[PDB]
Amino acid sequence: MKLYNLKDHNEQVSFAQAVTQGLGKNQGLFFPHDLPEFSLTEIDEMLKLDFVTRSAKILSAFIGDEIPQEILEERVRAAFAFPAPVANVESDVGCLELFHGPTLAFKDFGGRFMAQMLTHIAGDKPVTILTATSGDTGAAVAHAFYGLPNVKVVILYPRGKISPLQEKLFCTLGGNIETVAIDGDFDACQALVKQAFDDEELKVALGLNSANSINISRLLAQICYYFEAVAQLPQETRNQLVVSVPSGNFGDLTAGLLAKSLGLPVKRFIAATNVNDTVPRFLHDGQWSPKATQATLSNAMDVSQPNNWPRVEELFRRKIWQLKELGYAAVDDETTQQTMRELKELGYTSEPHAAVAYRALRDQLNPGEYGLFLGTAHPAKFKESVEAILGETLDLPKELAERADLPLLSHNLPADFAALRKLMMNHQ
Ligand SMILES: O=C(O)C(=O)CCCP(=O)(O)O
């Protein structure tokens, strides 16, 4: 496979280099040099294969000769140790549940997949994985790389800006895990991570790399659950599919488009965000003006500067698609709560993030079309809110319960790269 820096089309790297390097020069994201296209027949055939084998093929389509599809099947079978079932919410709406993994969030798929690739590509090479999180990614990465003798992870997250349970899920591990509560929002956290890649001294010293969607391995793996979703739907709807994706940093939606660019039939995509509507407002007047981040019920989506947006623009550009074809909507918390109330009424328990997607989908799903909204995380990860918003008690899954009472081990640091750099050089 070949990749290029969105900031420098001449700076190119293979899949192996992209996976171990993470970021390109000048903090630029890597983009697939070639956009493979399966045929209608192949697509039709892939959908009949089991989840694991299908995912392997999709991935091989990009990776190419670098890694034999056979080996790729083994690594994927190890990573995707859980399903991605579609739950019928309404007669014309389905919810792609992506929280059946070890951390109850879709970050599990790409998180574990990357772990597999890195260990396969780099083996036991000493590596420091610096990742920024707004709630879920941190947990998926912390668990995916826990115990790996050659690996040491450092997660940055906005202090007090994520849910209690989300924090407990990855800030009470210790050992191989190191967590940092930054005095700022997610954006500042991601900026600090990216900034670390301009520090040649630091990169080489710690063998820097990132598990955020920044890493091509993260992006690609997420393309797989879209196919799995369609494969569960009846042929009848296969040509009238509308997918709503609760977006924050937009890595999920990006993977959705890539799936379509591969040949997966998707009538229309909807980018559902919360009050942090930098994208929605952009798609409306073409003016890019991010507002200061605002903490909401869907904290994992409190992103004002989606780092993956450039990857979406490049895909539309190269695929020759018109952005006006992209559905979008900004949902506030009041609407979120009431939307959660509705879903419960319909007989489906959901949470803030998924509610935002459903709201946009429900308000844009035309007759004759089947709608899908991604359940990006288990509602229990936001027990407090869900209980008070739904007015009903909620039991805690084993994955959360076994760490709800454990002590936090997070360090506190201001939004200063100098402070972070020192702490990292103190916890080698
Ligand atoms: O951190 C989280 O839980 C996010 O959903 C957003 C940004 C991280 P990503 O780049 O891995 O998607």
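About the thresholds
Residues numbered from 1 in each chain as written, not as in the entry; some residues may be left out. Heavy atoms only, no water. Residues with missing side-chain atoms left out of burial classes, pairs and counts. Helix = DSSP H or I, 4+ residues; strand = E, 2+ residues; numbered from the N terminus. Expected span 1.5 Å × (residues − 1). Buried < 20%, exposed > 50% of the residue type's maximum accessible area, 1.4 Å probe, protein only. Near = heavy atom within 4 Å. Polar contact = N/O pair within 3.5 Å; in protein donor to acceptor, adjacent residues only side chain to side chain. Areas by Shrake-Rupley, 256 points an atom, 1.4 Å probe, with all protein chains shown as cover. Domains from an automatic or database assignment. Pairing = 2+ DSSP bridges. Axes fitted to C-alpha atoms, helices over the stretch in contact; angles between N-to-C directions. Core = buried A, V, L, I, M, F, W, Y, C linked by side-chain atoms within 4.5 Å. Contact = heavy atoms within 4.5 Å. Salt bridge = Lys/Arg side-chain N within 4 Å of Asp/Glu carboxyl O. 1 Å grid on protein atoms, 1.4 Å probe; cavity = no way out; pocket = protein on both sides within 12 Å on 5 of 7 lines; lining within 4 Å. Points joined across faces, edges and corners; volume = space filled by probe spheres on them. Nonpolar A, V, L, I, M, F, W, Y, C, P; charged D, E, K, R; others polar.

> Would you mind going over helix α3 (residues 51–63) with me for this structure?
Every α-helix winds through 3.6 residues per turn, so residues three or four apart in the chain are directed the same way. For α3, with 13 residues, the first-to-last C-alpha span of 18 Å sits near the 18 Å given by 1.5 Å per residue. Counting buried positions along α3 yields eleven of 13 residues, so the element is predominantly enclosed. Burial in α3 covers these residues: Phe51, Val52, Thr53, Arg54, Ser55, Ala56, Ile58, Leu59, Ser60, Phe62 and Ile63. Phi turns positive one or two residues past the end of α3, at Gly64, with a value near 75°.

> I would appreciate a short explanation of the site of the ligand in the present structure.
Residues in close proximity to the ligand include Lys107, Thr133, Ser134, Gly135, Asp136, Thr137, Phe186, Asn212, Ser213, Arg218, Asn249 and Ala300, which together make up its full environment. The contact in question runs from an oxygen atom of the ligand to an N or O atom on the side chain of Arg218, over 2.6 Å. The contact in question runs from an oxygen atom of the ligand to an N or O atom on the side chain of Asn249, over 3.1 Å. A total of 340 Å² of accessible area belongs to the ligand in isolation, and the protein chains cover 94% of it. Of the residues that make up the shell around the ligand, three or more belong to each of domain 2 (82–102 + 215–394) and domain 3 (103–214 + 395–428).

> Sorry, what's going on with the sheet that holds strand β5 (residues 93–97) here?
Reading across from one edge, β4-β5-β13-β10-β11-β12 is the order of the six strands in this open sheet, with mixed pairing throughout. Each having just a single partner strand, β4 (86–90) and β12 (327–330) make up the two edges of the open sheet. For this sheet, the mean inter-axis angle between neighbouring strands, taken without regard to orientation, is 25°. Relative to β5, β4 runs antiparallel, the two being bridged by four bridges. Across the sheet, the residue bridging to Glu90 is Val93, located in β5.

> Even after reading the chapter, I still don't get the nonpolar core, so can you show me in this structure?
Side chains of nonpolar character tend, in soluble globular proteins, to be buried together. One finds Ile129, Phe145, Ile223, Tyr226 and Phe373 to be the most contacted residues of the largest nonpolar core, which totals 118 residues. Excluding anything up to four places from it in sequence, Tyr226 contacts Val243, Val245, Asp252, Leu253, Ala255, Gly256, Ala259, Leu264, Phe269 and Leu374. Ranked by size, the runner-up nonpolar core spans 24 residues in total, among them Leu130, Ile182, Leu202 and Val303.

> Explanation requested: the pattern of salt bridges in the structure shown.
If the charged atoms of two oppositely charged side chains come close together, the side chains can form a pair. Tallied over the entire structure, the rule returns 18 salt bridges. Note that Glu11 is salt-bridged to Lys25, the shortest N-O span being 3.8 Å. Of this pair, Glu11 sits in strand β2 (residues 8–13) while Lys25 sits in the loop between α1 (15–21) and β3 (30–32); the two residues are 14 residues apart in sequence, bridging distant segments of the chain. Across the pair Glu228 and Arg54 runs a salt bridge, and its minimum N-O distance is 2.7 Å. Of the two residues, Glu228 sits in helix α11 (residues 224–230) while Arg54 sits in helix α3, which places them 174 residues apart along the sequence. Accessibility classification places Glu228 together with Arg54 in one group, the buried group. When salt bridges with common partners are traced through the structure, they connect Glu90, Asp92 and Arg362 into a single cluster.

> Sorry if this is basic, but what is going on with the sheet that holds strand β8 (residues 177–183) here?
Sheet strands pair via backbone hydrogen bonds, and the direction of the pair is either parallel or antiparallel. The strand order across the open sheet formed by five strands is β9-β6-β7-β8-β14, and the pairing between neighbours is parallel. Among the strands making up the open sheet, the edge pair consists of β9 (208–209) and β14 (411–414). Across the sheet, helix α19 (residues 417–424) lies against β6 (127–132), β7 (151–158), β8 and β14, angled at about 145° from β14, the strand it touches most.

> Quick question: what am I supposed to make of empty space enclosed by the protein here?
Where empty space is left in the structure can be found by rolling a water-sized probe over the atoms. As a volume, the largest cavity reaches approximately 310 Å³. For the largest cavity, the lining is made up of 25 residues, of which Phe106, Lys107, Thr137, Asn249 and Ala300 are closest to its centre. Counted by class, the lining of the largest cavity contains eight nonpolar, 13 polar and four charged residues. Both domains that meet at the lining of the largest cavity, namely domain 2 (82–102 + 215–394) and domain 3 (103–214 + 395–428), each give it at least three residues.

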